[PDB]
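Starting off, we have a lone chain in the form deposited in one PDB entry, written out as structure tokens.
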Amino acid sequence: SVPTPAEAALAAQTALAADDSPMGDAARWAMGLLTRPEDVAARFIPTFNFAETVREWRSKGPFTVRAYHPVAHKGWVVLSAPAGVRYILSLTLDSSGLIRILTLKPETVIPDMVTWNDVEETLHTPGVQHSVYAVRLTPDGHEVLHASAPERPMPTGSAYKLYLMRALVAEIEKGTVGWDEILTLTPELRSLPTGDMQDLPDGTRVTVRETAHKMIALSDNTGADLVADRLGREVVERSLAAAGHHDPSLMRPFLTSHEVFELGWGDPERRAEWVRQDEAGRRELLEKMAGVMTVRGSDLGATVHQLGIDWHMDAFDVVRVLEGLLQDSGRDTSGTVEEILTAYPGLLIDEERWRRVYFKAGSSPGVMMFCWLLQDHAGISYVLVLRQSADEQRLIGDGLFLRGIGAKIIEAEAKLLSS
């Protein structure tokens, strides 16, 4: 008794109208633009041409809402326009519901998946290296459900925050840091979005717990940098092998988000020097680069992951860090780890099927990855790792494609994961 096209669209239209959440508020406002600089300023982040963008968007309608997919601070609305042309309106919000990102783009098309070959043939894009790895975790080891290039080390962007989380948990267990310990935002520690903590004023005091929460749930770069500063680079590097990484040297020096941004898209000479240097020279360069960021979001574009300016790991490294975090969570009887890991599942999840879902995304120019750990109410866990890398960012896009492939795999779990 699957809903028919007409039923599906009506359900989405009503859900959008009824949604009494920050995403509902923002999506309805955005849809209103489609169907006043002072009111725009009040709806966007404080540090937010737009009237012209809205004019161009409006010229593509009239629009009909066909699907509505809110997920905490992120949301997508599928729109049909004249002649059956479809678009997706994407929203990303800050912590109080102000709009950070609002885009209207051609629809991303992902079929319902019947077989793993459907996944591979949908995903494959000339010029893009990709990898799909799916396993069932058991007492007796991992059962491989599907694998394409899991052994290939690839850049993974904010997947690295999973390793930072395991390092943090290890220090909590050793008693060198506490969940309620205070970290302090300084001008030097501020990074770029993703995240919201960069929007806090200088001197803002925040607990380790709340910083780690934002580091994971919002992929907060500033949160991650505060944690990495508190632990120290050497402590994080020493934690990598035990945390699950097969070859820690691939991620040494272990970069902060601030360092990736500043090195990757700042001074071209400094970046060339990085390429020429060994680990010692790279550490020395990073120390000299310490200070307040000069690079801004508009500077990003060119790919630099090929120069080692990212965080490289294989699919097996991602499975091990997620399984390790599952173990870390169970050991932490306070539920602090679990609360952090489950806050944002990246999708609308069937909670009657899945007791817990861990999720992490990562992206950089030419880099996209999504991973989930899903555990059912009987205690059976699955891990799904999706990765793309390319020399040209336009071959990958904003990540709705790879995320959507994950969504369809999870929707078809009875066929692809738990058959």
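Quick note: we count residues from 1 along the sequence shown, nothing fancier.
Just so it is clear, the following notes concern the form solved in complex with a small molecule, a form of the same protein that is not shown.
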Decide if the three candidate residues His142, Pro150 and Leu384 all line the small molecule in the deposited complex, where lining means a heavy atom within 4.5 Å. no
Just to confirm, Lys161 within 4.5 Å of the small molecule in the deposited complex by heavy atoms? yes
With heavy atoms only and a cut-off of 4.5 Å, decide whether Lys74 touches the small molecule in the deposited complex. yes
Residue contact check: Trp274 to the small molecule in the deposited complex, 4.5 Å heavy atom: no
In the deposited complex, does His69 have a heavy atom within 4.5 Å of the small molecule? yes
Region of this chain that lies against the small molecule in the deposited complex, out of 130 to 138, 328 to 336, 228 to 236, 343 to 351 [heavy atom, 4.5 Å]: 343 to 351
Looking at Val177, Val295, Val260, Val78, which has any heavy atom no more than 4.5 Å from the small molecule in the deposited complex? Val78
Name the single residue among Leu34, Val65, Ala361, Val357 that comes within 4.5 Å of the small molecule in the deposited complex, judging by heavy atoms. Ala361
